[PDB]
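A.B. asks: Before I ask anything, let me first share the structure, which is written out below as structure tokens.
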Amino acid sequence: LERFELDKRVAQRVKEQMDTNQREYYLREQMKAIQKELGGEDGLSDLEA
Amino acid sequence: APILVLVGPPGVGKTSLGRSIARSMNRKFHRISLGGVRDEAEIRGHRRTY
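Here you go:
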């Protein structure tokens with residue numbers, strides 16, 4: 200029972216960190232969108248190469 | 348090897364020099380702006396991201 204309670208807490212931490220990754224993901228989405236809008240594909244992703 | 352850079356006073360008709368050698372070599376003479384310009388855009392430029 201105590202193991203299952205700790206597993207539920209661990210799963211909740213995993214879920215909130217997954218949403219943290221999704222938030223930082225939307226940050227990257229916006230940032231890549233803006234960068235390509237300044238010049239396509241982060242300046243054609245050569246600087247990404 | 349060298350391509351034989353000149354040294355002298357600028358006063359001659361060096362344009363006509365390039366033309367008479369471009370005639371003696373059947374070359375299509377051009378002129379540019381490379382000296383006196385202080386920016387790498389007439390000489391190099393930079394990578395095509397700006």
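If you read the protein sequences in the order shown, they are chains D and E. Numbers in the authors' numbering are just positions in the first sequence, counted from 1, shifted up by 199. Numbers in the authors' numbering are just positions in the second sequence, counted from 1, shifted up by 347. Note that beta-carbon positions come from the ideal geometry of N, C-alpha and C, so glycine has one too.
1) Which chain D residues sit within Cβ distance under 8 angstroms of residue 396 (chain E)?
2) Using CA coordinates, which residue listed in E:364, E:379 and E:356 is at the minimum distance from residue 372 (chain E)?
3) Please report the Cβ distance between residue 389 (chain E) and residue 379 (chain E), rounded to the nearest whole angstrom; I am assuming they are in contact, meaning their Cβ atoms lie under 8 angstroms.
4) Quick one: give me the first and last residue of the alpha helix (DSSP H) that residue 241 (chain D) is part of.
5) Residue 349 (chain E) to residue 247 (chain D), Cα distance in whole Å?
6) Look at residue 396 (chain E) and residue 238 (chain D) and say whether their C-beta atoms are less than 7 angstroms apart.
C.D. replies: With the structure as the only source:
1) Against the second sequence, residue 396 (chain E) aligns to sequence position 49. Those within 8 angstroms of residue 396 (chain E) in chain D are 238, 242, 243, 245 and 246.
2) Along the second sequence, read from residue 1 onward, the residue named residue 372 (chain E) stands at position 25. Taking each of E:364, E:379 and E:356 in turn and checking the Cα distance to residue 372 (chain E), the smallest one comes out for E:364.
3) Along the second sequence, one-based indexing puts residue 389 (chain E) at 42. Along the second sequence, one-based indexing puts residue 379 (chain E) at 32. Going by Cβ atoms, the distance from residue 389 (chain E) to residue 379 (chain E) rounds to 7 angstroms, so yes, they are a contact pair.
4) Counting from 1 along the first sequence, the entry for residue 241 (chain D) is found at position 42. Residue 241 (chain D): member of the alpha helix (DSSP H) spanning 239-243, first to last residue.
5) Here the question's residue 349 (chain E) lines up with position 2 in the second sequence. Here the question's residue 247 (chain D) lines up with position 48 in the first sequence. Straight-line spacing of the CA atoms in residue 349 (chain E) and residue 247 (chain D) works out to 39 angstroms.
6) Sequence index remark: in the second sequence, residue 396 (chain E) carries index 49 (1-based). Sequence index remark: in the first sequence, residue 238 (chain D) carries index 39 (1-based). Going by beta carbons, residue 396 (chain E) and residue 238 (chain D) fall inside the 7 angstroms limit.
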